[PDB]
Structures are given as structure tokens and as C-alpha cells.
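So this first bit is one chain, no partners, the form deposited in one PDB entry, shown in C-alpha cells.
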């Protein structure tokens, strides 16, 4: 049968007020980056009014708009699209129930005009960090080189712990006044370099690199109402753990960059809410 293609339009209509920005984040309008998500279906999606999702950056207005229809796709491309759909929900979001309509897929411009991002999907499948921690070989003669532009829109993972299910972080800041030789926040160790050497037996090949501020990527599943009522003892403990996660300062050399950009990840976490709303 022929295909329908919809764009999931996203616009930050009400940026988070200062008084609610408890984790003191930068705000990231989705409309500031062209790569986004769409839906490929064999059946038309009924017209649905615009509706909000409440993200870390504030209230985002969602609109489902027709981009293309009455076209065919080869089996090969449908298979690629299907794999990426499954990848989004199993490996990025780590879900089992995508909607808490048939295929979510990345779209991007070719020139201001949106179409299926086949190249991006291919790049993901080729990436050595698509599933887990990628192999590396930093030595004195082939040292780690810090490229600032590679961290400007990055999701990172520690390469040295949690092999089976790595923790993903947004890079929230680059601390150019810090190096691995800066003082360590805990007194049992003098420097970041010493900490990583003692606990993990990790050597660093680059002692001039900046250090990174991070923001955990984990998000609640239903974003259809605002986050903010009192908390239980469990929720407190959870909040405290997230707080400590976000106080961590990481060393770029000891992290791997995920192939999905931070700007797209921020849009991905909205998908379950959007699919839930559409099937209602």
C-alpha cells in the first residue's frame, strides 16, 4: 500500500520560568534544531488539535502535520525505518510500551523543507556507540584530543562503569578552567586524575582537557501534565540520587559520545506522551 508521512511539530511556547527551573538548566527550544521526528503510516491520522507536553525547557506545543502522502517505499527502506523505530524505544528510551502510529522516524531538512533522514539512520547503524561503550586506544603517542565542537550537542556515557546498561548524560557545561589536575570535590583524593587512577586504574593521556558538567537524560514517561505537592520518602531519595548524578563532573577522555545528538534526544523523550495522546 502507499504511505502517509506526518511531522511531529514542536515549538516551545512557554519557556520554563526562573522560579521553576530548580535544576538550573539552559532552556532548549526544539525549533532551534531542524532534525525532528515524524510518523509513517499506511492509514491517515485523524485531525487532532494542538496540545502541550511539559518538558524540562517548559511547555512545548505539539502539532501533527501532514508532510507527504501517496508515495511508496522499498522493502529495504521500510526495514531500515522499522529497525530505527525499535531502536528509539528499546535503546534510547529503554521502553517496552511505546505509547504508555506505525513507525516513528527521524526527519530533517534537505533548504528548510523536511523529509525522511535516511543518512542519519544509516549513520546510526554504522556507529560504534550505537548500543554500548565503544572501543578506544588512547596512548602517549596517540593521545585523546579534545574537540569542543563534538560536545556542543552531545549525549555522553562513562566508558568505565555500568557496561550492561550505561548511564546517559547531556553535556550541560564545559568547564574550561578545570582540568583532570584540578582539585577533587572529595578529600580522599587530591585530583580528578588521582581519583580515576585509584578507583578504576585508569590512566589519562590528556591532562589539559576541560571537564564536563552533566544532566541525566532520564525522564518521566507521561509529560502531558506539569511536573509541579509533597513527596514520599522514596521520591525524596530518588530526587537526591538524581541531584548527585547532576553534581558529577566527568572527564571527556573517559566518556564516549552517543550517536544521537542531545537536541534530538530531548525530542525523543516526548514521543511516548505523543503516541499515547494519538491513540486516545
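Residue numbers count along the first chain shown, from 1. Shifts are known only where both forms have a C-alpha. Note that the rigid core is defined as the largest set of C-alphas that superpose within 1.5 Å between two forms.
Notably, residue 44 is never a gap: all other compared entries of this protein, restricted to those modelling both its neighbours, have coordinates for it, so the one-third criterion is not met. Compared with the other entries of this protein, residue 112 is frequently left unbuilt, missing from a third or more of those that build its neighbours. Coordinates are given for every deposited residue between residue 95 and residue 96; the gap count there is zero.
The stretch of deposited sequence separating residue 43 from residue 44 contains no residues lacking coordinates in this entry. Mean CA temperature factor is higher for 124 to 132 when stretches 124 to 132 and 197 to 205 are set side by side in the entry. Remark: stretch with higher mean C-alpha B factor among 87 to 95 and 72 to 80 is 72 to 80. Out of 237, 247, 35, 216, the entry records its largest CA B-factor for 237. For the set 162, 113, 191, 179, the PDB entry puts the maximum C-alpha B factor at 113. Among all modelled residues in its chain, residue 266 ranks in the lowest third by Cα B-factor.
In the PDB entry, a CA B factor belonging to the highest third of its chain's modelled residues is recorded for residue 229. When all modelled residues of the chain are sorted by CA temperature factor, residue 258 is found within the lowest third. Remark: residue 172 belongs to the middle third of its chain, ranked by C-alpha B-factor as recorded. Among all modelled residues in this chain, the alpha-carbon of residue 49 has a temperature factor (C-alpha) in the highest third.
Omitted here: the form deposited in another entry. The next part is about that form.
Annotation: the position in 77, 131, 207, 145 displaced by at least 2 Å at CA between this form and the one not shown, with the core superposed, corresponds to 131. Annotation: residue 169/residue 129 CA-CA distance longer in the other entry than in the displayed model, change of at least 3 Å. Look at residue 74 and residue 129: in the other entry their Cα atoms come 3 Å or more closer than in this form. After superposition on the rigid core, residues whose Cα atoms move by 2 Å or more in a run of at least three fall only at 128 to 136 between this form and the one not shown.
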